[PDB]
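Content type mmCIF, C-alpha atoms and all ligand atoms, from the file data_30.cif:
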```
data_model
loop_
_atom_site.label_atom_id
_atom_site.label_comp_id
_atom_site.auth_asym_id
_atom_site.auth_seq_id
_atom_site.Cartn_x
_atom_site.Cartn_y
_atom_site.Cartn_z
CA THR U 842 4.52 -13.92 -39.29
CA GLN U 843 7.10 -14.26 -36.47
CA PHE U 844 5.59 -16.66 -33.92
CA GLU U 845 7.85 -18.93 -31.88
CA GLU U 846 6.41 -22.21 -30.61
CA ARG U 847 7.89 -21.96 -27.09
CA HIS U 848 5.49 -19.06 -26.41
CA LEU U 849 2.19 -20.61 -27.67
CA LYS U 850 0.25 -21.85 -24.66
CA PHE U 851 -2.53 -24.35 -25.49
CA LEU U 852 -5.97 -23.56 -24.03
CA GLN U 853 -8.60 -25.73 -25.73
CA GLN U 854 -9.71 -27.26 -28.98
CA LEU U 855 -12.03 -25.07 -31.06
CA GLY U 856 -12.63 -27.25 -34.09
CA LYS U 857 -11.51 -30.49 -35.81
CA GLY U 858 -11.97 -30.03 -39.59
CA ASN U 859 -10.71 -31.39 -42.91
CA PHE U 860 -8.04 -33.10 -41.44
CA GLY U 861 -6.48 -30.61 -39.13
CA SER U 862 -7.62 -28.99 -36.00
CA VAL U 863 -7.97 -25.46 -34.72
CA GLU U 864 -6.95 -24.66 -31.15
CA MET U 865 -7.34 -21.66 -28.88
CA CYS U 866 -3.87 -20.59 -27.68
CA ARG U 867 -2.39 -17.68 -25.76
CA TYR U 868 0.67 -16.16 -27.45
CA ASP U 869 2.59 -14.95 -24.40
CA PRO U 870 6.24 -14.18 -25.31
CA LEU U 871 6.75 -12.27 -22.01
CA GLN U 872 5.43 -15.21 -19.93
CA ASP U 873 3.31 -12.87 -17.76
CA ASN U 874 -0.24 -13.78 -18.95
CA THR U 875 -0.59 -10.59 -21.05
CA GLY U 876 -0.27 -12.08 -24.54
CA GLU U 877 -3.18 -12.23 -26.93
CA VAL U 878 -5.43 -15.23 -27.48
CA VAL U 879 -5.16 -16.51 -31.08
CA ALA U 880 -6.54 -19.37 -33.13
CA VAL U 881 -4.02 -21.96 -34.35
CA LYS U 882 -4.68 -24.37 -37.21
CA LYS U 883 -2.52 -27.46 -37.58
CA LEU U 884 -2.58 -30.66 -39.62
CA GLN U 885 -3.51 -33.85 -37.80
CA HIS U 886 -1.48 -36.05 -40.18
CA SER U 887 1.47 -34.26 -41.79
CA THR U 888 1.88 -36.18 -45.08
CA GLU U 889 3.73 -34.33 -47.84
CA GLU U 890 0.57 -33.97 -49.96
CA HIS U 891 -1.40 -32.47 -47.06
CA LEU U 892 1.61 -30.29 -46.18
CA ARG U 893 1.91 -28.77 -49.67
CA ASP U 894 -1.87 -28.22 -49.67
CA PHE U 895 -1.50 -26.52 -46.27
CA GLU U 896 1.27 -24.22 -47.48
CA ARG U 897 -0.90 -23.17 -50.42
CA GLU U 898 -3.84 -22.58 -48.05
CA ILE U 899 -1.60 -20.37 -45.89
CA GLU U 900 -0.51 -18.34 -48.94
CA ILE U 901 -4.13 -17.95 -50.02
CA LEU U 902 -5.21 -16.66 -46.58
CA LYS U 903 -2.24 -14.31 -46.28
CA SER U 904 -3.22 -12.77 -49.64
CA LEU U 905 -6.80 -11.93 -48.51
CA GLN U 906 -7.57 -8.62 -46.73
CA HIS U 907 -11.30 -8.08 -46.24
CA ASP U 908 -13.70 -7.23 -43.41
CA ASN U 909 -15.53 -10.54 -43.90
CA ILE U 910 -12.49 -12.84 -44.13
CA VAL U 911 -10.71 -14.09 -41.01
CA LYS U 912 -7.35 -12.33 -40.47
CA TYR U 913 -4.04 -14.05 -41.05
CA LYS U 914 -1.56 -13.37 -38.25
CA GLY U 915 1.39 -15.58 -39.07
CA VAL U 916 2.99 -19.01 -39.04
CA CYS U 917 4.83 -21.09 -36.48
CA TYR U 918 7.07 -24.10 -37.01
CA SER U 919 9.48 -26.32 -35.08
CA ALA U 920 13.11 -26.95 -36.02
CA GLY U 921 13.21 -27.46 -39.75
CA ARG U 922 9.90 -26.77 -41.49
CA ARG U 923 7.95 -29.50 -39.68
CA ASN U 924 4.77 -29.10 -37.64
CA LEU U 925 3.70 -26.04 -39.61
CA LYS U 926 0.96 -24.05 -37.83
CA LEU U 927 -1.25 -21.21 -39.11
CA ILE U 928 -1.90 -18.38 -36.63
CA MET U 929 -5.14 -16.43 -37.12
CA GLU U 930 -7.18 -13.95 -35.14
CA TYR U 931 -9.46 -15.59 -32.56
CA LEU U 932 -13.14 -14.78 -33.11
CA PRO U 933 -14.98 -15.05 -29.78
CA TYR U 934 -18.40 -16.36 -30.82
CA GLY U 935 -17.22 -19.36 -32.79
CA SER U 936 -18.82 -20.85 -35.87
CA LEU U 937 -22.05 -19.45 -37.27
CA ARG U 938 -23.51 -22.96 -37.32
CA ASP U 939 -23.19 -23.31 -33.52
CA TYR U 940 -23.94 -19.66 -32.81
CA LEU U 941 -27.19 -19.77 -34.77
CA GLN U 942 -28.34 -23.00 -33.15
CA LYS U 943 -27.61 -21.60 -29.67
CA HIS U 944 -29.14 -18.14 -30.11
CA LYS U 945 -31.98 -18.87 -32.57
CA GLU U 946 -34.66 -17.26 -30.39
CA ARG U 947 -32.77 -13.93 -30.49
CA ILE U 948 -31.72 -13.85 -34.22
CA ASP U 949 -34.42 -12.60 -36.58
CA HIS U 950 -34.61 -12.60 -40.40
CA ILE U 951 -33.18 -9.11 -40.77
CA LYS U 952 -30.09 -10.29 -38.91
CA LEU U 953 -29.82 -13.44 -41.06
CA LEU U 954 -29.87 -11.18 -44.11
CA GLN U 955 -27.11 -9.04 -42.66
CA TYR U 956 -25.01 -12.23 -42.34
CA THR U 957 -26.00 -13.28 -45.88
CA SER U 958 -24.87 -9.95 -47.29
CA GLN U 959 -21.49 -10.14 -45.51
CA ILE U 960 -20.93 -13.68 -46.80
CA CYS U 961 -21.77 -12.51 -50.35
CA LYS U 962 -19.29 -9.65 -50.12
CA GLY U 963 -16.58 -11.99 -48.84
CA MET U 964 -17.28 -14.39 -51.72
CA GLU U 965 -17.25 -11.61 -54.30
CA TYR U 966 -13.82 -10.62 -53.01
CA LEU U 967 -12.58 -14.22 -53.39
CA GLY U 968 -13.90 -14.22 -56.96
CA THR U 969 -11.97 -11.06 -57.82
CA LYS U 970 -8.84 -13.02 -56.88
CA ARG U 971 -10.04 -16.00 -59.02
CA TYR U 972 -10.25 -18.22 -55.92
CA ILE U 973 -12.84 -21.00 -55.71
CA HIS U 974 -13.72 -21.65 -52.06
CA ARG U 975 -15.29 -25.16 -52.60
CA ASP U 976 -16.46 -25.57 -48.98
CA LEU U 977 -18.98 -22.80 -48.26
CA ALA U 978 -21.13 -23.90 -45.28
CA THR U 979 -22.18 -22.31 -42.02
CA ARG U 980 -19.66 -24.55 -40.22
CA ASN U 981 -16.92 -22.60 -42.07
CA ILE U 982 -18.32 -19.13 -41.24
CA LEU U 983 -17.20 -17.51 -37.97
CA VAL U 984 -18.83 -14.88 -35.77
CA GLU U 985 -16.72 -11.94 -34.66
CA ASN U 986 -19.63 -10.14 -32.92
CA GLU U 987 -23.39 -10.03 -33.26
CA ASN U 988 -23.08 -7.69 -36.27
CA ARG U 989 -20.12 -9.24 -38.16
CA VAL U 990 -19.39 -12.69 -39.66
CA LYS U 991 -16.28 -13.83 -41.58
CA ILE U 992 -15.42 -16.68 -43.91
CA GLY U 993 -13.20 -18.65 -41.59
CA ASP U 994 -11.57 -21.64 -43.35
CA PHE U 995 -9.89 -22.04 -46.77
CA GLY U 996 -8.58 -25.65 -46.67
CA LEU U 997 -10.23 -26.64 -49.99
CA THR U 998 -9.81 -23.34 -51.79
CA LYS U 999 -8.23 -23.46 -55.27
CA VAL U 1000 -6.96 -20.83 -57.75
CA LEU U 1001 -8.42 -20.97 -61.23
CA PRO U 1002 -6.01 -21.58 -64.12
CA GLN U 1003 -5.70 -18.38 -66.11
CA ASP U 1004 -7.14 -20.02 -69.23
CA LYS U 1005 -10.26 -21.61 -67.70
CA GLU U 1006 -13.24 -20.64 -65.56
CA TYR U 1007 -13.34 -23.92 -63.60
CA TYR U 1008 -10.92 -26.19 -61.72
CA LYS U 1009 -11.32 -30.03 -61.85
CA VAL U 1010 -10.24 -31.84 -58.70
CA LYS U 1011 -11.24 -35.00 -56.84
CA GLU U 1012 -9.50 -35.60 -53.47
CA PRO U 1013 -9.35 -38.97 -51.72
CA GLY U 1014 -11.66 -39.06 -48.76
CA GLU U 1015 -15.13 -37.76 -48.28
CA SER U 1016 -16.64 -34.58 -49.65
CA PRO U 1017 -19.52 -32.40 -48.46
CA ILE U 1018 -21.69 -33.76 -51.24
CA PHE U 1019 -24.91 -32.26 -49.90
CA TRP U 1020 -23.52 -28.75 -50.55
CA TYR U 1021 -22.14 -29.63 -54.03
CA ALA U 1022 -23.43 -28.41 -57.37
CA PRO U 1023 -24.47 -31.24 -59.75
CA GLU U 1024 -21.49 -30.64 -62.07
CA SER U 1025 -19.19 -30.93 -59.04
CA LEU U 1026 -20.78 -34.31 -58.23
CA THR U 1027 -20.72 -35.62 -61.80
CA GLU U 1028 -17.61 -34.02 -63.31
CA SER U 1029 -15.60 -32.73 -60.31
CA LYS U 1030 -15.80 -29.21 -61.80
CA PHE U 1031 -15.59 -26.30 -59.34
CA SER U 1032 -16.19 -22.69 -60.36
CA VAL U 1033 -17.60 -19.43 -59.09
CA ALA U 1034 -21.01 -20.81 -60.15
CA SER U 1035 -20.62 -23.94 -57.97
CA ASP U 1036 -19.71 -21.65 -55.06
CA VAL U 1037 -23.01 -19.87 -55.83
CA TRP U 1038 -24.86 -23.19 -55.65
CA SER U 1039 -23.27 -23.86 -52.23
CA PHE U 1040 -24.14 -20.32 -51.17
CA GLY U 1041 -27.75 -21.26 -51.81
CA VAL U 1042 -27.34 -24.19 -49.43
CA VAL U 1043 -25.82 -21.80 -46.83
CA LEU U 1044 -28.86 -19.56 -47.16
CA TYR U 1045 -31.06 -22.62 -46.64
CA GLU U 1046 -29.04 -23.50 -43.50
CA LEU U 1047 -29.46 -20.03 -42.06
CA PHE U 1048 -33.20 -20.02 -42.56
CA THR U 1049 -33.59 -23.48 -40.98
CA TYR U 1050 -31.72 -22.11 -37.89
CA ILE U 1051 -29.75 -25.41 -38.03
CA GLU U 1052 -32.68 -27.55 -36.94
CA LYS U 1053 -31.17 -31.02 -36.73
CA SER U 1054 -33.67 -32.95 -38.87
CA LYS U 1055 -33.76 -30.08 -41.41
CA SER U 1056 -30.05 -30.18 -42.30
CA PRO U 1057 -29.19 -30.68 -45.98
CA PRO U 1058 -27.91 -34.23 -45.29
CA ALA U 1059 -31.10 -35.12 -43.37
CA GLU U 1060 -33.41 -33.72 -46.05
CA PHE U 1061 -31.55 -35.23 -49.01
CA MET U 1062 -31.24 -38.64 -47.32
CA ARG U 1063 -34.99 -38.63 -46.71
CA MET U 1064 -35.76 -37.61 -50.29
CA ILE U 1065 -33.63 -40.41 -51.76
CA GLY U 1066 -34.50 -42.99 -49.10
CA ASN U 1067 -32.33 -43.83 -46.08
CA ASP U 1068 -31.58 -47.32 -47.43
CA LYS U 1069 -28.83 -46.00 -49.74
CA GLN U 1070 -25.30 -47.06 -48.91
CA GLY U 1071 -21.95 -45.65 -49.98
CA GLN U 1072 -21.64 -44.76 -53.65
CA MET U 1073 -25.35 -45.34 -54.26
CA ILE U 1074 -25.98 -42.19 -52.18
CA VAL U 1075 -24.06 -40.00 -54.63
CA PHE U 1076 -25.68 -41.74 -57.61
CA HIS U 1077 -29.21 -41.17 -56.30
CA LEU U 1078 -28.37 -37.60 -55.27
CA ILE U 1079 -27.19 -36.88 -58.81
CA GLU U 1080 -30.38 -38.30 -60.26
CA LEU U 1081 -32.53 -36.39 -57.76
CA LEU U 1082 -30.93 -33.05 -58.65
CA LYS U 1083 -31.19 -33.91 -62.37
CA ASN U 1084 -34.99 -34.19 -61.98
CA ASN U 1085 -35.09 -30.83 -60.13
CA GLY U 1086 -35.61 -32.31 -56.68
CA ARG U 1087 -34.58 -29.57 -54.23
CA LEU U 1088 -34.38 -28.85 -50.51
CA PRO U 1089 -37.78 -27.60 -49.26
CA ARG U 1090 -38.55 -24.04 -48.27
CA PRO U 1091 -37.62 -23.75 -44.55
CA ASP U 1092 -40.36 -23.02 -41.99
CA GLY U 1093 -41.07 -19.30 -41.89
CA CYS U 1094 -38.81 -18.48 -44.84
CA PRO U 1095 -40.32 -15.75 -47.12
CA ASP U 1096 -40.91 -16.77 -50.73
CA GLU U 1097 -38.58 -14.06 -51.99
CA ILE U 1098 -35.71 -15.66 -50.01
CA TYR U 1099 -36.61 -19.15 -51.11
CA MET U 1100 -36.55 -17.84 -54.69
CA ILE U 1101 -33.00 -16.63 -54.20
CA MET U 1102 -32.10 -20.18 -53.07
CA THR U 1103 -33.85 -21.83 -55.99
CA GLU U 1104 -32.10 -19.51 -58.47
CA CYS U 1105 -28.75 -20.44 -56.92
CA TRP U 1106 -29.75 -24.09 -57.43
CA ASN U 1107 -30.06 -23.86 -61.22
CA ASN U 1108 -28.87 -26.99 -63.03
CA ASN U 1109 -27.65 -24.64 -65.81
CA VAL U 1110 -24.33 -23.41 -64.49
CA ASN U 1111 -24.43 -20.20 -66.53
CA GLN U 1112 -27.87 -19.12 -65.35
CA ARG U 1113 -26.93 -18.86 -61.68
CA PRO U 1114 -26.69 -15.32 -60.26
CA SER U 1115 -23.42 -13.56 -59.52
CA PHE U 1116 -22.43 -12.78 -55.92
CA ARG U 1117 -22.85 -9.07 -56.67
CA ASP U 1118 -26.45 -9.59 -57.83
CA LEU U 1119 -27.11 -11.74 -54.76
CA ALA U 1120 -25.83 -8.97 -52.46
CA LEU U 1121 -28.01 -6.39 -54.28
CA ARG U 1122 -31.14 -8.50 -54.04
CA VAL U 1123 -30.50 -9.34 -50.38
CA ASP U 1124 -29.81 -5.70 -49.51
CA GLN U 1125 -33.01 -4.57 -51.26
CA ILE U 1126 -35.03 -7.07 -49.23
CA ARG U 1127 -33.26 -5.91 -46.05
CA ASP U 1128 -34.13 -2.29 -46.81
CA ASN U 1129 -37.77 -3.23 -47.44
CA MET U 1130 -37.95 -5.03 -44.08
CA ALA U 1131 -36.52 -2.01 -42.24
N1 LIG K 1201 -14.23 -21.78 -39.95
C1 LIG K 1201 -14.09 -22.90 -39.70
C2 LIG K 1201 -13.98 -24.43 -39.35
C3 LIG K 1201 -12.60 -24.74 -38.69
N2 LIG K 1201 -12.67 -23.88 -37.46
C4 LIG K 1201 -12.13 -22.70 -37.30
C5 LIG K 1201 -12.43 -22.30 -36.01
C6 LIG K 1201 -12.13 -20.99 -35.32
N3 LIG K 1201 -12.78 -20.72 -34.25
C7 LIG K 1201 -12.60 -19.50 -33.61
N4 LIG K 1201 -13.28 -19.16 -32.33
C8 LIG K 1201 -14.17 -20.07 -31.58
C9 LIG K 1201 -14.54 -21.40 -31.99
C10 LIG K 1201 -15.36 -22.09 -31.19
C11 LIG K 1201 -15.85 -21.51 -30.01
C12 LIG K 1201 -16.81 -22.26 -29.05
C13 LIG K 1201 -15.96 -22.71 -27.87
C14 LIG K 1201 -16.83 -23.37 -26.76
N5 LIG K 1201 -17.92 -22.49 -26.32
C15 LIG K 1201 -18.80 -22.05 -27.48
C16 LIG K 1201 -17.92 -21.40 -28.60
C17 LIG K 1201 -15.46 -20.21 -29.61
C18 LIG K 1201 -14.65 -19.51 -30.40
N6 LIG K 1201 -11.79 -18.58 -34.06
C19 LIG K 1201 -11.16 -18.78 -35.17
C20 LIG K 1201 -11.28 -20.00 -35.86
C21 LIG K 1201 -10.40 -19.93 -37.09
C22 LIG K 1201 -9.67 -18.61 -37.03
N7 LIG K 1201 -10.20 -17.89 -35.89
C23 LIG K 1201 -13.23 -23.31 -35.44
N8 LIG K 1201 -13.35 -24.26 -36.34
#
```
Before we go any further, please render this structure as structure tokens.
Ligand SMILES: N#CCCn1cc(-c2nc(Nc3ccc(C4CCNCC4)cc3)nc3c2CCN3)cn1
Amino acid sequence: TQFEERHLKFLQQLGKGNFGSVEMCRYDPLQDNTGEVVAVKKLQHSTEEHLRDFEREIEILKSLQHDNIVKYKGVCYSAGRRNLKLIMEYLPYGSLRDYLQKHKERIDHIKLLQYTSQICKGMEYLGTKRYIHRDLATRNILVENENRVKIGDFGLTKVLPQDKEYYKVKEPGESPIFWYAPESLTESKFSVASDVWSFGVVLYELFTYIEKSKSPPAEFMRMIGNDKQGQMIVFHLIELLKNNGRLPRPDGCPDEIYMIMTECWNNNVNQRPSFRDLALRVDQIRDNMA
């Protein structure tokens, strides 16, 4: 937790997310080019609301210790408490979204299911802490090596109240609506079960291999008609999901995997599977394939 700004050497931008950025830096306190490369998240507009959210995000990440969750290393700030920065381990292959698109000819279904199982175990761990991730997507999953992925960003993550199994929240700005459960679109309710709905969309993403015209936004915009503007998009999306319109089975996806997706996409919040059942089903399919 003891990083001093004078010793962080900027190398390049790695990502520009909900509104902050992640940079590759070398932490080199001895100024001899032996320090380690780390990933550094900062806010791009340090309002007090975004800053309190960022402090809570930092506390959430520091409290998580799991093989499939990116490692907290520390914090760094300038004089006062301003320009707060989160220091994390650098993962060399980048986001799963980009990795999968780049290496799709070398990544088979058994490997996708290995990633799926690691994401499920990460999410189950979050749930044991009563955290709701709210932004599960392959762009927020990072690749440490070809056999290990990690949930890599927690900017929207909330803690459940102790008396309730959901958290109601609507932030100004724009929301990844094409990953959202219907009750998150209509009532702004987020829960473990809405994370399960999004997990279904992640599984869809993996099995499309991030083909550009097959993305959830592309498919949903086609299904509702590309005329829709602004708020009409969300309205028509809600109505589409209410009539059980769903993303199609991806090319080459086995029906057993598509059935996992469609069970995650249950309109009835209480009938969606748990992350532990998802991991068991995925691991049984993996074992059958091997
Ligand atoms: N999740 C999430 C969304 C926000 N976000 C977080 C990161 C991040 N990226 C990395 N590593 C990383 C990233 C990109 C590359 C590209 C570089 C050009 N050549 C191809 C590969 C390589 C390595 N390491 C991390 C983080 C967080 C903590 N550790 C990136 N975006």
Counting only C-alpha atoms and all ligand atoms, which protein, DNA or RNA residues come within 6 Å of ligand LIG 1201 (chain K), given as a ChimeraX atom specification? /U:855-856,858,863,880,929-936,980-983,993-994
Those same residues - C-alpha atoms - I'd like them written as an mmCIF file, in the frame of the given file.
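Resulting contents of part-v9.cif:
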```
data_model
loop_
_atom_site.group_PDB
_atom_site.id
_atom_site.type_symbol
_atom_site.label_atom_id
_atom_site.label_comp_id
_atom_site.auth_asym_id
_atom_site.auth_seq_id
_atom_site.Cartn_x
_atom_site.Cartn_y
_atom_site.Cartn_z
ATOM 1 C CA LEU U 855 -12.030 -25.070 -31.060
ATOM 2 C CA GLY U 856 -12.630 -27.250 -34.090
ATOM 3 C CA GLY U 858 -11.970 -30.030 -39.590
ATOM 4 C CA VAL U 863 -7.970 -25.460 -34.720
ATOM 5 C CA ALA U 880 -6.540 -19.370 -33.130
ATOM 6 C CA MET U 929 -5.140 -16.430 -37.120
ATOM 7 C CA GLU U 930 -7.180 -13.950 -35.140
ATOM 8 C CA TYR U 931 -9.460 -15.590 -32.560
ATOM 9 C CA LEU U 932 -13.140 -14.780 -33.110
ATOM 10 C CA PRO U 933 -14.980 -15.050 -29.780
ATOM 11 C CA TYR U 934 -18.400 -16.360 -30.820
ATOM 12 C CA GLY U 935 -17.220 -19.360 -32.790
ATOM 13 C CA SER U 936 -18.820 -20.850 -35.870
ATOM 14 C CA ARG U 980 -19.660 -24.550 -40.220
ATOM 15 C CA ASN U 981 -16.920 -22.600 -42.070
ATOM 16 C CA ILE U 982 -18.320 -19.130 -41.240
ATOM 17 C CA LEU U 983 -17.200 -17.510 -37.970
ATOM 18 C CA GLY U 993 -13.200 -18.650 -41.590
ATOM 19 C CA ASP U 994 -11.570 -21.640 -43.350
#
```
Around the point (-2.8, -30.6, -38.7), in the coordinates given by the file, pick out the residues reaching within 10 Å, counting only C-alpha atoms, and return them as a PyMOL selection string. chain U and resi 857-863+881-888+891-892+895+924-927
I'd like to know which of U:909, U:1103, U:1049, U:919 is closest to residue 848 (chain U), using all atoms listed in the file.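 Result for the nearest residue to residue 848 (chain U): U:919.
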Close residues, residue 987 (chain U) itself excluded, 12 Å, only C-alpha atoms, min 4 positions apart in chain, as a ChimeraX atom specification: /U:932-935,937,940-941,944,947-949,952-953,955-956,983,991
Got a sec to check which residues sit within 10 Å of (-25.6, -28.6, -60.9), counting all atoms listed in the file, and write them as a short mmCIF file (atom, residue, chain, number, x, y, z; two decimals) with C-alpha atoms, keeping the file's coordinate frame?
```cif
data_model
loop_
_atom_site.label_atom_id
_atom_site.label_comp_id
_atom_site.auth_asym_id
_atom_site.auth_seq_id
_atom_site.Cartn_x
_atom_site.Cartn_y
_atom_site.Cartn_z
CA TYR U 1021 -22.14 -29.63 -54.03
CA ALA U 1022 -23.43 -28.41 -57.37
CA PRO U 1023 -24.47 -31.24 -59.75
CA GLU U 1024 -21.49 -30.64 -62.07
CA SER U 1025 -19.19 -30.93 -59.04
CA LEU U 1026 -20.78 -34.31 -58.23
CA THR U 1027 -20.72 -35.62 -61.80
CA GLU U 1028 -17.61 -34.02 -63.31
CA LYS U 1030 -15.80 -29.21 -61.80
CA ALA U 1034 -21.01 -20.81 -60.15
CA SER U 1035 -20.62 -23.94 -57.97
CA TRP U 1038 -24.86 -23.19 -55.65
CA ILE U 1079 -27.19 -36.88 -58.81
CA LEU U 1082 -30.93 -33.05 -58.65
CA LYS U 1083 -31.19 -33.91 -62.37
CA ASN U 1085 -35.09 -30.83 -60.13
CA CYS U 1105 -28.75 -20.44 -56.92
CA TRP U 1106 -29.75 -24.09 -57.43
CA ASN U 1107 -30.06 -23.86 -61.22
CA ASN U 1108 -28.87 -26.99 -63.03
CA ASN U 1109 -27.65 -24.64 -65.81
CA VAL U 1110 -24.33 -23.41 -64.49
CA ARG U 1113 -26.93 -18.86 -61.68
#
```
Taking 3 positions as the minimum chain separation for residues in the same chain, which residues sit within 12 Å of residue 1095 (chain U) when counting all atoms listed in the file? Answer as a PyMOL selection string. chain U and resi 950-951+954+1045+1048-1049+1090-1092+1098-1102+1126+1130
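Distances to residue 989 (chain U) were evaluated for U:910, U:1037, U:1131, U:920 using all atoms listed in the file, and the minimum falls at U:910.
Counting all atoms listed in the file and comparing U:1006, U:908, U:985, U:873, the residue that lies closest to residue 964 (chain U) is U:908.
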Would you compute the distance between CA of residue 1039 (chain U) and CA of residue 978 (chain U)? Give it in Å to one decimal.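 Taking CA of residue 1039 (chain U) as the start and CA of residue 978 (chain U) as the end point, the length is 7.3 Å.
Atom pair CA of residue 971 (chain U) / CA of residue 1033 (chain U) has a distance of 8.3 Å (rounded to one decimal).
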Would you kindly return, as a PDB file with C-alpha atoms, in the coordinates of the input, each protein, DNA or RNA residue with an atom no farther than 8 Å from any atom of residue 962 (chain U), considering all atoms listed in the file and excluding same-chain residues fewer than 5 positions away?
```pdb
ATOM      1  CA  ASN U 909     -15.530 -10.540 -43.900  1.00  0.00           C
ATOM      2  CA  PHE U1116     -22.430 -12.780 -55.920  1.00  0.00           C
ATOM      3  CA  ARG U1117     -22.850  -9.070 -56.670  1.00  0.00           C
ATOM      4  CA  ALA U1120     -25.830  -8.970 -52.460  1.00  0.00           C
TER       5      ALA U1120
END
```
